[PDB]
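In: pasting an experimental structure, sequence included:
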Amino acid sequence: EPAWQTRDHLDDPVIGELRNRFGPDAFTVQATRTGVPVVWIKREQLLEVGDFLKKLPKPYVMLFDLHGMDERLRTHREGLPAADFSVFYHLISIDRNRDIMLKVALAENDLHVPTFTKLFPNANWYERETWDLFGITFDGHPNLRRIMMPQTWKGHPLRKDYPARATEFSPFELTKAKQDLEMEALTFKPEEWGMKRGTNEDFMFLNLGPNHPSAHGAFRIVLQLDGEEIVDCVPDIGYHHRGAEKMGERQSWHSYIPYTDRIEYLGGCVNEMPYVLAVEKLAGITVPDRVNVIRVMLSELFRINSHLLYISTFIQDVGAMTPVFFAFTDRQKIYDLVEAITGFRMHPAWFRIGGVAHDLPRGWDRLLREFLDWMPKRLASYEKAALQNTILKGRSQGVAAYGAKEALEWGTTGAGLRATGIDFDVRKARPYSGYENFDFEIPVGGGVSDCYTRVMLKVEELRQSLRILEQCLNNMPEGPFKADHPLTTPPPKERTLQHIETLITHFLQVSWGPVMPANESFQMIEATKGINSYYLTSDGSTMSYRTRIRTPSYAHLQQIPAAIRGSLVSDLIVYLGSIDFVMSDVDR
Amino acid sequence: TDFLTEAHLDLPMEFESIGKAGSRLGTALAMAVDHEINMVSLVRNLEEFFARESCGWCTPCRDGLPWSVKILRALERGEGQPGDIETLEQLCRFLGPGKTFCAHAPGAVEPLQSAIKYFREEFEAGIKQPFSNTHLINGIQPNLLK
Amino acid sequence: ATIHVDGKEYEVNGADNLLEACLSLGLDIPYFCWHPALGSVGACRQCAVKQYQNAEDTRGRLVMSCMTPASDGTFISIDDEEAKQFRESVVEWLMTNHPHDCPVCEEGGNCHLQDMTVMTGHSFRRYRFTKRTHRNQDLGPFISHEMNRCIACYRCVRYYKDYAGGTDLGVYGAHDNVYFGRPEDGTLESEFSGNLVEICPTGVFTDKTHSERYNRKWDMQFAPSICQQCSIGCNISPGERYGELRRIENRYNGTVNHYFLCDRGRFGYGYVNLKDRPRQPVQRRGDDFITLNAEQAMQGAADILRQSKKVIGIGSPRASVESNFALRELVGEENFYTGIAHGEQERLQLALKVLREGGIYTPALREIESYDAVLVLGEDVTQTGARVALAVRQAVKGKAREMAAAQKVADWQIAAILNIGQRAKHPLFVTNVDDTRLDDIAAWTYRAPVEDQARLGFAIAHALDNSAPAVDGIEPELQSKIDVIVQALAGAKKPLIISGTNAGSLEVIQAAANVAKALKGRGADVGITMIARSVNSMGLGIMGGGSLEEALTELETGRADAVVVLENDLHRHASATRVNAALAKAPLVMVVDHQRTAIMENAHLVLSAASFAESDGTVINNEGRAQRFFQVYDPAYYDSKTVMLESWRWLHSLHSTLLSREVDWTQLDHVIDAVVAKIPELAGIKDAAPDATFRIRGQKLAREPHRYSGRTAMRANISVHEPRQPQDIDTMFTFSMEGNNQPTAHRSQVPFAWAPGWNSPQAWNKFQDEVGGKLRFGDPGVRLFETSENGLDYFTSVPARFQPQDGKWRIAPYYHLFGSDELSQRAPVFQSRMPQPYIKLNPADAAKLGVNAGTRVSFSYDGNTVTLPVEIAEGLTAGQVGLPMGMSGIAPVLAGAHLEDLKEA
Ligand code: SF4
Ligand code: SF4
Ligand code: SF4
Ligand code: SF4
Ligand code: FES
Ligand SMILES: [Ca+2]
């Protein structure tokens, strides 16, 4: 049985446990290509099912994802409960190394679900986004307000009857929103943001945005301060919302790849990898080994690029300015190799459904050798010049620390979760793209996720990525760069240029689009900043019926108030520098 | 009708006796082939007759018999390529009874499959060059399938 | 019947084959040579499935699903590995000789062969030998020919010969050199040859008129519209790109015009793209012209009309029900006049009275094919209502269908049905002034003058029932042929009587009504069909109004000083000199029209009306069915200076500016409600389409496909800033991709057929309840009137025999499919198809006047002499002269008229 085959996962022990606890008629198991068991739960049993999953012997500890779905235009709903809308809950058991996707069906007029925030606190922002984009009410939510769109927005953009395209620009609305911006500083009400005790006559209120002079993006945080101590902080996000999921419903499976590039814009091919893997699951494509090695090498090069940017930006946030110049020189070496291979620097859009766009150019190994000889001396110099400086250690050590429980309850992934001591990397736990054929280590922390611990873990991850690149350079299969599947999009170019069957396939694939049979697919990867996942629903057409992107920066930004309360503002800047987020990843 | 070997000369000329031997009684007007006749050339001549006597109504006969003719011409000239005998075998499989509109194409593919079954060494002798369907296009690296 | 496909149980019709049953169930089986309208022949072998003997069978046998009945307890597998391999091999065999042509082939993106190549999953070529090639033929102005792309699926010859009855297409040659085309270069002679471009699954036959301004299907903007070129009401999908009407595709209507158009509807759209069209309101000051915007035109026209003493209106059967009603509201009902002549109006109201008071059911166009005897009286159906002639051809083949059904032959096995019914056919009796295109299948053709055709009809009615009035002076040979017709019609289980207003005689319509009444009185299931002239002739007849001659007398006596003329070239319905005099005398002439007509030089105001591509409205076909057409594109999107509004919008805004001095344009549903409130006989046009608030789960219906390209570059030469999307407050369609075009959407109006994996016209399969049936939620359009409980009385006014008169030439109409409909003559591609205007003479009359074939003769009509070259017509009886109606200078009102001083030039 291939790894992309449709499965019901009835042999998962959690299905038997749910059978024993709630009975056999309490839920409906759906066969998908997501790789996880998908269970349709009644709305009135959702909290009991969630608590039961949380109290298992090897429990489901993390709410990985929570979002909605407009099911009104879905023609192929065979074996599914009747639903105008639905809400899905992706939960991860680390100890079992397993997931489960709960789905609640909803009628068009009865669009309310009990809140999940008492079980998992990251459900706050997830349910705010579900209410914002789908209009689904969550009963019991502390502050159910719009998080992506402005508060005075009409409609819900991810509904199927909402038009995707930009409306006609009016300067009157711009001047009205400017007046809103200049009056908000005078008419601030600290109850509509979920805040309490709105002036003790000592709480000073500051704003950090909505413009930030940094590479992670521009965003606003409202700070409630007692002297220099943060007693409350609520973020304002959605300032970089690009409608990427709605655009996923508008582009074909092939033409959406450049949009996947710009989710986490320091990631590139790393961002492309989960999307093309999920589409290949929908298409039933098993890529050859050379494709796996090529995609792994590109992803590791972009991971080194992103980590160099993160370490240099953290050092600049501490107060040392020269390592960012040197790290950008190293980024230029990486960009030389990436430009040679893909023809682009930052958004290569080079991965394809079933492979990559072109073969590797002649002489790529010389550039890889030059980079692999250039990097380690520079990394050691960076450590000795900035990372071992006691001023940086005093700025970083002990600042915004959390343990394993706080990381699990907020959906924290990546270097923060591993800095809490939990050894969970996607490339080892749920291997993808031939990562099992590479010998590399996963660095973990001692149990405390500090700013310094996260930065040093990212340094060791950079060294491990250099090891993976060395193994990629020494071991390359001499095979195809595209799979021989009929749904490989586009087909190989020379056969397109001289064979009529291949020309026909290319013609229909680039114009109407490749036809993906109706299914649901899922793929999570270890991105540069945590776990990035694509959840794709095909209704049998040439475009996605639903593209859901889970990004780790959303979860880390939601974890910000739990870890920074009672600290200084300078500690908040250091924490923002040590998270490794970008606002495009947050808002999508 | 399917070719038969020297060992088949002892069975009676009846419908079921020839039919169980893998051939057809047909008109019962047998034709002998001596050792000086190349089987590839003979089956090429047979398939040229059958391909040019197609009525053109249905796709497998009309567009699959000329492909077999061209493969046999290449095999006779020593310009056969790997996969050609496999293509001939699949053509015999897919031009059988029921797949075509009438019985002309099953009768066409009976001698080809019988000669491949009994005289495969003459057909493999025609394969003398590697498979090449594409020319190199300057500036495009080919997808090197294994 | 119960079938089991891939382990799933299904209930199907046992009289269907497996391919049509499985395609009706939503399953995907590739196919080439089968068509729903043509039956099954089993040529291409693409539709192979694996049939098992029973449930406990594992070997199976490959069969053609199109040639296998969907009998009870059938067991088949589509996704069987051997069946999939064979279907891929069939695609591969078709691909061995196929040219490397998709970028430069007009079928790309709309190609059934491309779709089935992808559907079978065949994308790797291992064939390395040479590809056969073919020279192409010139097939005339409409169809381009490319035989390299042929897959020899025989669809073209089966449609053209067996279905459409054409004779100049065929299959030639042998084994892999089979060639589909004509015996030599020349124009395809069939009136229905244009359906080849959708019948052919490849790019062999392509729309040449589209090919001149080619664009791909995904780049088109479509709308569900009605063909304007005659009264049949065939549903069409006009598709546009860059502001110009690019193509007319057939839009499936299971009740009207299911898969097929005629060539006039398909290729006679080119008048929309004419550069001399009015784009904006123009007002003449002295000898100069000034261009106004819509507000200034409304204010000025309202002021001048308010100053006038009496405003009269002249509508048109071209224009929709809403626009004619808006004219009638602006000028008043008593001051409203129909734009057609007095005799034309009398024949039209008599046809309407027979249709909605004759007590005899009038069948839809699809229903015509089930009648087992046809009598056509006077109406040259092929040149005036061509799709009715196609349906009558199918009804004639009904006899072979009956004899095949007697021998337990399945209704889809078309070759066996044609073999059993060799040349036996249901009786067709056509009457005309000359030979018709239906004569090759007609049991009898009566070439006689229109009064003699009416006398034949009255004699048939009297021989069917003695209460009908008798005809005295019938020759014994004509009496014997009348007895043949009467014996054929009396023994028929379902006789059909077809007539129309094109014959130009009231007594022909009365004779048809008397035959229908006589057949009704004997308990037969008789149907009657009337053929009107133009797209909304029946709507103008239902609305009513005075004739054009009454409006001309009003403008000539001077008691009417302002005239509004809507969508009307007045020279078609009246003499040109009288019209020019009455319009030069009138101090105010306002013309609302979308074409540069001849009365726009004497027009004081000209309003740029929209054509059917740029307007919404309702038209009534000759069956009595109200059908809504929708706007295709916004004319102001590319050229913002274009002020081209709906005619009812213009006239409603004029009435509002006249009354309240304020400019309110309107909404379409308000005009619909106004029509159904003032006119109760047009109350059905409310239900023809849902209103503009109609939604499919909250979203509108899309006009363009999902992959519509170039949205940030198609106007970038004008300005790099993208304009706003056009807003459609009129209808439920949106001018964008942001809409719904799902085949399962609960609607009846479908702008275009597309499904994932089905990019060709075969996606109409997905848009149907069963393939070849109706649309899934019903065909659009509703009948305005039901069958009356009581019929009429017998018309006792039997006309006398035609006597020739010396110096008096009775004009016999000779209609043409290419040339007798005004807007289609305006299309530039119809000039190549335009026959040279020849005046038809009897050999005896031409010998008496001493003129041979090809000589120019001059005749005087309305005090004006015109010269036309002579063609000898044997069938035209003496005392008649044959003229081509509707041409340049020969109005259709001349049909049935006399002529004076025909002399050799
Ligand atoms: S198998 Fe028979 S029907 Fe088919 S093309 Fe050949 S001769 Fe004609
Ligand atoms: S007919 Fe179809 S497959 Fe052939 S060249 Fe044209 S688009 Fe391509
Ligand atoms: S010309 Fe077209 S319709 Fe005719 S046999 Fe060839 S592919 Fe079929
Ligand atoms: S029959 Fe009449 S309505 Fe139909 S396509 Fe022809 S011209 Fe148009
Ligand atoms: S569609 Fe059945 S053989 Fe052609
Ligand atoms: Ca409109």
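Out: All right, it came through fine. Numbering: from 1, shown residues only, chains lettered A, B, ... in the order given. Ligands and ions are numbered 1, 2, ... in the order given.

In: state which helix of the chain is the longest.
Out: Defaulting to chain A. Longest helix in chain A by number of residues, with DSSP state H as the criterion: helix A:289-318.

In: that was the other one, I meant chain C.
Out: Ranking each helix of chain C by length (DSSP H) puts helix C:386-406 first.

In: hang on, residue A:435 packs against residue A:427?
Out: Yes: if you go by Cβ atoms under 8 Å, residue A:435 and residue A:427 touch, sitting 4.4 Å apart. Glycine gets a C-beta too; all of them are placed from N, C-alpha and C.

In: for residue C:642, give me its contacts.
Out: C:279, C:280, C:608, C:635, C:636 (Cβ atoms under 8 Å, 6 or more residues apart in numbering or on different chains).

In: next: residue A:132.
Out: A:146, A:147, A:148, A:149, A:153, A:156.

In: ok, back up a step: show the subsequent helix or strand relative to the longest helix of chain A.
Out: Later in the chain than helix A:289-318, the nearest helix or strand by DSSP states H and E is helix A:322-342.

In: then that next one to CSV, C-alphas only?
Out: This file holds the C-alpha atoms of helix A:322-342, laid out as CSV (Å, rounded to 0.1, in the frame of the first residue of the first chain):
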residue,chain,number,x,y,z
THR,A,322,28.6,43.9,12.4
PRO,A,323,27.6,40.2,12.4
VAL,A,324,24.5,41.2,10.4
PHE,A,325,26.9,42.4,7.6
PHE,A,326,28.9,39.3,7.7
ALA,A,327,25.9,37.0,7.9
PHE,A,328,24.5,38.8,4.9
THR,A,329,27.7,38.0,3.0
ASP,A,330,27.2,34.3,3.9
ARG,A,331,23.5,34.8,2.7
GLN,A,332,25.0,36.1,-0.5
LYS,A,333,27.0,32.8,-0.9
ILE,A,334,23.8,30.8,-0.4
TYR,A,335,22.0,33.1,-2.8
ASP,A,336,24.7,32.5,-5.4
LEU,A,337,24.0,28.7,-5.2
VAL,A,338,20.2,29.2,-5.2
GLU,A,339,20.4,31.7,-8.1
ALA,A,340,22.5,29.2,-10.0
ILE,A,341,20.0,26.3,-9.4
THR,A,342,16.6,28.0,-9.6
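
In: now for whatever helix or strand comes next after it, which elements pack on it?
Out: Using DSSP H and E, the helix or strand that follows helix A:322-342 in sequence is strand A:351-352. Under the contact criterion of 3 or more Cβ pairs under 8 Å, 6 or more residues apart in numbering or on different chains; DSSP states H and E, strand A:351-352 touches helix A:269-283.

In: with secondary structure and neighbour count added, can I get the contacts of residue C:642 in a markdown table?
Out: Below are these laid out as a markdown table (DSSP: H, G, I helix; E, B strand; the rest coil; neighbours: other Cβ atoms under 10 Å in any protein chain shown):
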| residue | secondary structure | neighbour count |
| --- | --- | --- |
| C:279 | coil | 17 |
| C:280 | coil | 17 |
| C:608 | strand | 23 |
| C:635 | coil | 24 |
| C:636 | coil | 17 |
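
In: wait, which of those residues is closest to residue A:269?
Out: Taking Cβ to Cβ as the measure, residue A:269 lies nearest residue C:636 of the contacts of residue C:642, at 45.4 Å.

In: quick one: residues contacting the closest one.
Out: Here residue C:636 is in contact with C:642, C:643, C:644, C:726 (criterion: Cβ under 8 Å, 6+ apart).

In: what is the most widely separated pair among the residues you listed?
Out: Farthest apart among these - using Cβ to Cβ - are C:643 and C:726, which lie 14.4 Å from each other.

In: the two: who's more crowded?
Out: residue C:643 (20 against 15; other Cβ atoms under 10 Å in any protein chain shown).

In: for residue A:508, phi and psi?
Out: phi -70, psi -30 (degrees, to the nearest 10).

In: how many other residues sit next to the nearest residue in space to it that is not next to it in sequence?
Out: Nearest non-adjacent residue to residue A:508, counting by Cβ to Cβ, 6 or more residues apart in numbering or on different chains: residue C:118, 5.2 Å away. Using other Cβ under 10 Å, residue C:118 has 25 neighbouring residues.

In: show the end-to-end separation of stretch C:654-668, please.
Out: 15 Å (Cα to Cα, to the nearest Å).
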